[PDB]
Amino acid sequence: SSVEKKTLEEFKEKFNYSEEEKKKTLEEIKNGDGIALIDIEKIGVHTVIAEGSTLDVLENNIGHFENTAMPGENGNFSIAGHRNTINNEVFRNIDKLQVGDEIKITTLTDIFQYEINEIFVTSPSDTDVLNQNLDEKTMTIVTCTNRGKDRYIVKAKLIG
């Protein structure tokens, strides 16, 4: 969209940074900065993930929950695809994803492939979806469902 494209283009430009420059931007990250690309072939999602899950971030971008793992790390890299009761239109077709579909996450240094292994509906107060189990490498997408009343959760495990 507007800010989305910008965040997206600014991040892609950093692929041409050197390694210390990349590492330096790792530290220094601020809410609203691009941190990864996300591609989900099954539903035509090809965009960027911003840091943070505040209302301000989520108005323009898919956002990374602050205290969750980063892509490829032990724990559960968690992303928010709604702002209050409104899904980012980028996830309008998330209900088409199935167990076994792939989610590709590209940081400045690596391509991580996650495979969906759990889909479920829960409440807005179910904070456990953001839990960090450091014995595994997983990711989570949180959007809304049921006229904004419930949360639609997609979880995926790192495969490559």
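All residue numbers refer to positions in the sequence shown, first residue = 1.
When 57-65 is weighed against 129-137, 57-65 comes out higher, by mean CA B-factor as recorded in the entry. Higher mean CA B-factor, judged across 88-96 and 113-121 from the recorded values: 88-96. The entry lists C-alpha B-factors for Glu28, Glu51, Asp101, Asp39, and the highest of these is at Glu28.
Among the modelled residues of the chain, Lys22 sits in the highest third by CA temperature factor in this PDB entry. Placement of the Cα temperature factor of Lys149 within the chain: middle third of the modelled residues, per the deposited record.
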